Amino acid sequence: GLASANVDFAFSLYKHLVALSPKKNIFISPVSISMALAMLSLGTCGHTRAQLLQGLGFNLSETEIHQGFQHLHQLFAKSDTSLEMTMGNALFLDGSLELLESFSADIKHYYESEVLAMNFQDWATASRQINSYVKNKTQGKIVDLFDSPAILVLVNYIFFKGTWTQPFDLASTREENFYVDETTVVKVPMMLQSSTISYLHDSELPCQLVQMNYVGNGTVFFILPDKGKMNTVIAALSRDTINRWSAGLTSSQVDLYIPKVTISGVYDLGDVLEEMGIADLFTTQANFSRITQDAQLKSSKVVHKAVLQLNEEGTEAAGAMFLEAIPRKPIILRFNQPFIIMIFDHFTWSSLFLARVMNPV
């Protein structure tokens, strides 16, 4: 099924990226990556198609996959007083190219994708056009997404605004030490609430964790590993671990200290995808025959960018992907050191956002 395959891709992508850049702040939107690459698969055939779908975790009909993302795209459109969420897709195309009927019909039906004309000869204008488009769609959260000129650009964006069901106490906020390294300490606004919170001191892993809900169906896990045990906890991240945590989490009195995190990241997913076995996309042997017949295309660059804001009232997260194609007693829990964030949807089981916070500033 889609829900199982998507979350397994989420953790594997996270793990591989963590290993590739071990000191960087990692904040990603796996569902964004899965939806963008699944939309791409509609334009692939042969060995490239099979390799992409298998890498995404799908047992190779294709219609089941795209109906699944159509389902997600619909449920992820919300605009209320305490909950706001949007998700979308777009295709930027040079005038020299024309999409095949079935491909453009499929991306518009299943992914509600806009197909927008573009002059790749003027890259300054082109990259300005795409950057502003993404900027507006994510409510100004994703700024300056754009690397090298390209005749086709595939885009996906996600914006999320959640409100804590248990908000942090504004008066309780103080500046605390956040210990980045053995030689690095930064000052950060540290939030505090003393509430009945779902808590688990893990006995099978060197970590302690809490679960908090947002107004609606959004939920978040904050995982604090024991000092120097970040990679032992990360390697264990799976469906079986999150299930056991969910079953283990018990209502407890917690003095919960989490910092006011404002982080961003830009990630070239080239090395990550090829580590996961998705390699044909980038080769001069790439099969992109269902996109267009006006040119044989390969992928030149795959980039993801995401931003995270945490405060006393809630969370504001946003993400964007682009693909360029060219011609072929209270328990004190203090998050004052590197920790893990997992934002999920209760309703669909979708991994919305994953984080490894090395430095909240």
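A residue's number is simply how far along the shown sequence it sits, counting from 1.
Unmodelled deposited residues between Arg328 and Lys329: 1 to 3, per the record.
The segment from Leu60 to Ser61 is interrupted, since 1 to 3 residues of the deposited sequence in that interval carry no coordinates.
Higher mean CA B-factor, judged across 150-158 and 79-87 from the recorded values: 79-87. Split the chain's modelled residues into thirds by C-alpha temperature factor. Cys207 is in the lowest one. Per the deposited record, the Cα B-factor of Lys227 falls in the middle third when ranked against the other modelled residues of its chain. Per the PDB record, residue ranking by Cα B-factor puts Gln309 in the middle third of the chain. Among all modelled residues in this chain, the alpha-carbon of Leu192 has a temperature factor (C-alpha) in the lowest third. Looking at the C-alpha B-factors along this chain, the one for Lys301 belongs to the middle third.
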